[PDB]
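Throughout, numbering of the chain's residues begins at 1 and tracks the sequence. Start at 1 and go down the list; that is how both ligands and their atoms are numbered.
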Amino acid sequence: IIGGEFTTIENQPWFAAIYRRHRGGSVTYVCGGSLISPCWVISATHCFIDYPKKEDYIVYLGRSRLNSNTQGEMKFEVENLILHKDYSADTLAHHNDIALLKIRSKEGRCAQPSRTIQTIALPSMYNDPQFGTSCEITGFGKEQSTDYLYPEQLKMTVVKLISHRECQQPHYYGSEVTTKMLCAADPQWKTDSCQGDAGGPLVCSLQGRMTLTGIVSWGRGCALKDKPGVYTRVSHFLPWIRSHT
Ligand SMILES: N=C(N)Nc1ccccc1
């Protein structure tokens, strides 16, 4: 997250921190995800496409720090890693960038709600906030495009939804963005998601209900003029989610 503010897990209790084991046993951060139900975390396919093996991943819930445990956090194994079969990757635009991870602890249990662990509601089909609406994003991604390290403390910021016509414009992303995608950014391009934030949630208040409107997917650089963050439009993949869950 470029700009924005630091936060702890209680301000995004459905945020999931996903890591991967390497040969030798070293563990590195992979991407963010969102708990949509006790046993299910939704993320982005591009995060796992190069390493499809579910056994290599570890998922944490109620975790506020990148490399240090958070009191009360839960650790999970990935019982099933479901990627979207229609996934595609272009110059930058990832299509159908959505994935599902079925979590299971070593005790064979799913998530246990608490003050630091809760689920986020899915939107109604094809029901998104009006463009210009302010929503929030969360993640452990870079704080600066040139940074080498990722922040140790979770972060969040606010970005406004951009209309498809605006984003489809030449100056923006042209045709790289589709109806199954949502663009969002700061009117001053001061804050935005960045490398490491993929898979994370774009949450909007829709009719008094915090809703998982999008999933951090892609973008040209970070916090650059006319280059918004692009998000998987969740309200357009409900049938997919339904069946796979
Ligand atoms: N918001 C962005 N400009 N770029 C971006 C970078 C990395 C992941 C997701 C989105």
Salt bridge (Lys or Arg N to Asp or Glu O under 4.0 Å): pairs with one or both residues in residues 37-51, sequence neighbours excluded: none
Contact list for residues 195-229, test disulfide (SG to SG under 2.5 Å), sequence neighbours left out: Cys135-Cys204, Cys194-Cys222
Test: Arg21 and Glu77 ion pair at under 4.0 Å: yes
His95-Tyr87 aromatic ring centre distance below 6.0 Å: no
List the atom pairs, with distances to 0.1 Å, where a side-chain N or O of residues 53-62 and a protein N or O form a donor-acceptor pair under 3.5 Å, not counting sequence neighbours.
{"unit_1": "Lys54", "atom_1": "NZ", "unit_2": "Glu79", "atom_2": "O", "d": "2.7"}
{"unit_1": "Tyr57", "atom_1": "OH", "unit_2": "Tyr51", "atom_2": "O", "d": "2.6"}

Single hit among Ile241, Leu101, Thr245, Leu100 for side chain to side chain contact (heavy atoms under 4.5 Å, CB included) with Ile82: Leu100
At less than 3.5 Å, what protein N or O atoms come close to the N or O atoms of ligand 1? Include the distances to 0.1 Å.
{"unit_1": "ligand 1", "atom_1": "1 (N)", "unit_2": "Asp192", "atom_2": "OD1", "d": "2.7"}
{"unit_1": "ligand 1", "atom_1": "1 (N)", "unit_2": "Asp192", "atom_2": "OD2", "d": "2.9"}
{"unit_1": "ligand 1", "atom_1": "1 (N)", "unit_2": "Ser193", "atom_2": "O", "d": "3.2"}
{"unit_1": "ligand 1", "atom_1": "1 (N)", "unit_2": "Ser193", "atom_2": "OG", "d": "2.8"}
{"unit_1": "ligand 1", "atom_1": "3 (N)", "unit_2": "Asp192", "atom_2": "OD2", "d": "2.7"}
{"unit_1": "ligand 1", "atom_1": "3 (N)", "unit_2": "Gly221", "atom_2": "O", "d": "2.9"}
{"unit_1": "ligand 1", "atom_1": "4 (N)", "unit_2": "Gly221", "atom_2": "O", "d": "2.8"}

